[PDB]
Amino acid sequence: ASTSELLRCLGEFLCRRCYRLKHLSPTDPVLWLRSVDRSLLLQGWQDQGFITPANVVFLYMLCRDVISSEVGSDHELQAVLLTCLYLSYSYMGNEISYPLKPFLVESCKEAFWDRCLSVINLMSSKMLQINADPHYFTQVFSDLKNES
């Protein structure tokens, strides 16, 4: 039920999913997420940090359906994870708006937005269901904790 504890599961989840990445650490996802939450906070784009137990469970719910087993590089995994994050902020974040710079790690911005549209077309329905159905939220909360 701790954020660090739930982030450590997500990282261990991503490492198990992405078999092809041999030199990826379960702390790398955690470092990339915390780094973003800090940046937005210190730039004054939010008053409080976004990364809480509930939102880590939401982010996980996206990652497990968006992130291919066959992602070829750590750089691609970060691009995809941060796209899922940008969508978590935009769906659940208490601020009206969040900027792109913290979330963009690609030289091709066209690629980032095309991917946003891809994930919304796949997940928009479960994005609402995890909020509408408490049973589904607990099912996904459980699954996350069972990823260590």
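Heads up: residue numbers just count along the shown sequence, starting at 1. We call the rigid core the largest set of C-alpha positions that still match within 1.5 Å between the two forms.
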### Summary
in 6 other deposited structures of this protein, with the rigid core superposed, the stretch whose C-alphas stray more from the shown form, 29 to 37 or 42 to 50, is 42 to 50
### Residue stretch of maximal mean CA temperature factor, 104 to 112 vs 58 to 66
104 to 112
### Task
Determine, from the deposited record, the chain-internal third of the Cα B-factor for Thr138: lowest, middle or highest.
highest
### Task
Place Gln46 in the lowest, middle or highest third of its chain's C-alpha B-factors, as listed in the PDB entry.
highest
### Summary
Sorting the chain's modelled residues by C-alpha B-factor and splitting them into thirds places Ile96 in the highest
### Task
Going by the recorded CA B-factors, say which third of the chain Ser124 sits in, lowest, middle or highest.
lowest
### Task
Relative to the other modelled residues of the same chain, rank the CA B-factor of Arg17 and answer lowest, middle or highest third.
lowest
